[PDB]
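Here the structure is laid out as structure tokens; the discussion comes afterwards.
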2 protein chains.
Amino acid sequence: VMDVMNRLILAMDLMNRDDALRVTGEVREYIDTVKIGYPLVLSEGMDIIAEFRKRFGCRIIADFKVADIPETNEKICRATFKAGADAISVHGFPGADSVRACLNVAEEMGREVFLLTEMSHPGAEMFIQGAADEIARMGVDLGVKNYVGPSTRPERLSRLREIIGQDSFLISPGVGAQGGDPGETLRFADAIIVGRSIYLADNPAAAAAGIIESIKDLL
Amino acid sequence: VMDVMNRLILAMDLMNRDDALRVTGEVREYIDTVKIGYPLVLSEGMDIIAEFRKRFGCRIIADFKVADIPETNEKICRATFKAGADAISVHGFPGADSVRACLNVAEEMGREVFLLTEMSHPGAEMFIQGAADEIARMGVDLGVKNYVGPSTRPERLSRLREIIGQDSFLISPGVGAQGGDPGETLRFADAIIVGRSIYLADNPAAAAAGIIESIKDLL
Ligand SMILES: O=c1cnn([C@@H]2O[C@H](COP(=O)(O)O)[C@@H](O)[C@H]2O)c(=O)[nH]1
Ligand SMILES: O=c1cnn([C@@H]2O[C@H](COP(=O)(O)O)[C@@H](O)[C@H]2O)c(=O)[nH]1
């Protein structure tokens with residue numbers, strides 16, 4: 001499975017190229033995996049992925065939460081992987097055919113799919129939470145190996161780990177800004193995703209170092 | 001509501017700028033409303049919206065199926081409207097806070113949100129279909145005025161029309177390539193979305209004219 005340095009993935013959701021590159025540079029010694037989403041890509045373009053690879057050599061997860069019909073999902077993944085992304089996130093709610101479409105392209109291009117199971121925000125309780133266990137089982141049936149689950153609900157994160165098994169790889173956003181605890185989250189997740197607590201910090205480097213200090217026993 | 005020429009919206013999912021522009025230009029006499037999705041945007045950049053506005057007299061719906069947490073949804077909408085999109089599509093299944101985030105940006109920036117209710121592909125049956133009526137009702141309670149529903153399931157499109165009422169605006173994909181019929185769909189939708197049936201045709205203009213001829217009594 002993916003080996004994430006310090007079990008810490010930077011969510012780089014700044015929307016200015018100079019700021020994104022500066023801040024990522026400031027925390028580069030602590031990470032080797034950056035999650036890039038639509039806030040940055042739609043503001044600066046898909047070439048920003050190649051630029052991160054050129055500058056940092058970091059692994060890039062494109063957090064695009066692909067959620068279309070199969071035919072369109074295929075096109076989105078192709079474009080995304082052409083841009084240099086190592087992995088892409090995919091919603092499970094739209095069903096198995098939509099997920100399989102992404103799995104196909106990933107296999108073809110030597111990339112990874114991360115299946116989003118339950119989201120960490122309050123609205124996730126309305127529809128997603130009630131489908132989340134079934135979505136995880138669907139992932140298992142499909143041979144999905146990488147999953148995303150909620151730091152803000154450690155009991156749900158734990159259940160999701162139970163479903164997918166210890167061999168699957170699980171990452172978790174919602175740490176810090178949204179209320180999730182780094183150490184508690186790493187009881188169940190392989191790696192935590194952290195955005196604002198780092199990139200909005202007066203001193204991002206000290207922010208990252210602080211978080212890592214707090215989980216040092218968990219490596 | 002937006003005044004969609006010939007009740008027909010082109011889904012421009014070609015991924016090459018030259019082809020996308022050629023084909024759109026060829027059908028411009030029949031349409032004035034173009035849906036641009038991630039296949040084209042991730043391939044050619046957000047400036048493709050600007051290029052389409054410069055070249056054609058078309059409104060642009062950015063079919064981004066926004067499906068993140070509220071804070072990220074806000075950023076995606078801001079970047080998308082900054083680029084000149086008239087409207088953006090938004091998934092309802094991540095819950096009310098996620099939708100409201102998009103509505104708030106849309107209200108602030110004087111643009112529109114289309115709420116996706118049930119999707120037209122087979123996988124939609126697994127999870128979305130069971131939530132779709134409640135997602136539509138949620139949209140009504142939030143004040144959403146624009147909706148997307150499936151051509152491929154007339155009975156579901158009819159029900160979704162009932163929920164949102166006759167005053168709401170409803171557009172429907174799944175016509176042609178996915179099996180939906182233009183005429184039957186327009187019994188309930190204000191406009192049909194058509195992609196491959198047009199953009200893959202040897203003569204896209206003849207394809208569009210042919211669809212229009214078949215629904216002329218509904219125009
Ligand atoms: O369920 C969730 C919640 N958040 N995120 C993403 O993870 C990051 C969390 O950032 P934050 O640490 O600033 O809250 C953001 O990019 C957000 O879109 C998810 O992918 N899934
Ligand atoms: O439920 C659906 C089904 N399709 N689409 C989108 O509408 C277009 C359908 O194109 P087609 O006519 O080539 O099938 C594509 O852009 C597809 O992503 C949706 O937004 N929702």
Side-chain angles (χ1 to χ4, degrees), chain A residues 9-14 35-40 61 63-65 67-76 89 91 94 98 114 116-124 128 132 148-153 157 171-180 182 192-200 211, chain B residues 9-14 35-40 61 63-76 89 91 94 98 114 116-124 128 132 148-153 157 171-180 192-200 211:
Chain A
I9 298 170
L10 174 65
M12 178 39 61
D13 300 318
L14 293 169
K35 185 179 77 66
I36 291 179
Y38 285 136
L40 179 51
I61 304 171
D63 183 15
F64 290 177
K65 305 200 162 65
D68 219 300
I69 66 176
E71 286 79 7
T72 297
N73 279 12
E74 183 276 354
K75 296 178 189 191
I76 293 170
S89 68
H91 262 299
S98 285
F114 279 76
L116 291 283
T117 67
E118 180 171 333
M119 294 177 66
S120 64
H121 67 299
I128 294 178
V148 187
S151 171
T152 53
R153 310 188 189 93
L157 187 60
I171 68 182
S172 180
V175 181
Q178 296 176 62
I192 48 176
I193 290 169
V194 179
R196 284 166 289 171
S197 294
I198 293 175
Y199 74 69
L200 285 187
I211 292 169
Chain B
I9 298 168
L10 175 64
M12 178 36 62
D13 298 312
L14 293 172
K35 185 176 77 62
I36 290 179
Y38 283 134
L40 181 52
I61 299 168
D63 191 13
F64 289 178
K65 297 185 175 59
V66 181
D68 217 300
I69 66 172
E71 288 86 350
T72 300
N73 281 8
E74 290 187 4
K75 293 174 176 178
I76 296 172
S89 66
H91 262 298
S98 287
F114 280 75
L116 187 51
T117 63
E118 184 170 329
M119 294 176 61
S120 58
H121 68 300
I128 300 173
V148 186
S151 174
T152 55
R153 305 188 193 96
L157 191 63
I171 67 177
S172 183
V175 174
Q178 297 178 61
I192 52 173
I193 291 164
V194 182
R196 286 165 287 174
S197 287
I198 289 172
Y199 71 71
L200 293 181
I211 290 162

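Chain letters run A, B, ... following the sequence lines, proteins first and then strands; every chain starts at 1. When a ligand or atom number is given, it counts from 1 through the structure's own listing order.
What sits closest to atom 15 (C) of ligand 2 on the protein, heavy atoms only, is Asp13(B) OD2, 3.2 Å. Distance from atom 12 (O) of ligand 2 to its nearest protein heavy atom, with residue and atom name: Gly195(B) N, 2.8 Å. Looking only at protein heavy atoms, the nearest one to atom 18 (O) of ligand 1 is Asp68(B) OD1, 2.7 Å. The protein heavy-atom contact nearest to atom 20 (O) of ligand 2 is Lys65(B) NZ, 2.7 Å. Of the protein's heavy atoms, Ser120(B) OG, 2.8 Å lies nearest to atom 3 (C) of ligand 2.
Residue contacts with ligand 1, taken as heavy atom pairs separated by less than 4.0 Å, involve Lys35(A) solely via side-chain atoms from C-beta onward.
Closest to atom 7 (O) of ligand 2 by heavy atom, among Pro173(B), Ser89(B), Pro39(B), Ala177(B), is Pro173(B).
Every atom of ligand 1 with a heavy atom of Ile69(B) under 4.0 Å away is listed here by number and element: 2 (C), 3 (C), 4 (N). Which parts of ligand 1 touch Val194(A) is read off a 4.0 Å heavy-atom cut-off, strictly below it: atoms 12 (O). Each of the atoms 11 (P), 12 (O), 13 (O), 14 (O) of ligand 2 lies under 4.0 Å from some heavy atom of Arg196(B). Interface of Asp63(B) with ligand 2, defined as ligand atoms under 4.0 Å from a residue heavy atom, comprises 6 (C), 20 (O). For ligand 2, the atoms lying closer than 4.0 Å to a non-hydrogen atom of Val175(B) are 12 (O). In summary, the atoms of ligand 1 found under 4.0 Å from a heavy atom of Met119(A), numbered by their order in the structure, are 1 (O).
Taking OH of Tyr38(B) as the start and CZ of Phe64(A) as the end, the distance is 8.0 Å to the nearest 0.5 Å. Atom CD1 of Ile192(B) sits about 11.5 Å away from atom CG of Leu10(B), to the nearest 0.5 Å. Atom CD1 of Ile9(B) and atom CD1 of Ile193(B) lie 5.0 Å apart (nearest 0.5 Å).
In this structure the side chain of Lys35(B) never reaches within 4.5 angstrom of the side chain of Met12(B), judged on heavy atoms. Residues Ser120(B) and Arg153(B) fail the side-chain proximity criterion, which asks for heavy atoms closer than 4.5 Å.
The distance criterion of under 3.5 Å between nitrogen or oxygen atoms is met by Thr72(A) with respect to ligand 2.
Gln178(B) counts as a contact of ligand 2, since one of its heavy atoms falls under 4.0 Å from the ligand.
For the residue pair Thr152(B)/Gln178(B), the side-chain donor-acceptor check at 3.5 Å is not satisfied.
Not a single donor-acceptor pair under 3.5 Å links the side chain of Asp68(A) to the backbone N or O of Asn73(A). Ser172(A) contributes a side-chain N or O that, together with a main-chain N or O of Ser151(A), makes up a donor-acceptor pair within less than 3.5 Å.
Taking every heavy atom of both residues into account, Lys65(A) and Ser89(A) meet most closely at N-OG, 2.9 Å.
Ion pairing between a basic and an acidic side chain is recognised when a charged N comes within 4.0 Å of a carboxylate O; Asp13(B) and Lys75(A) show no such pairing.
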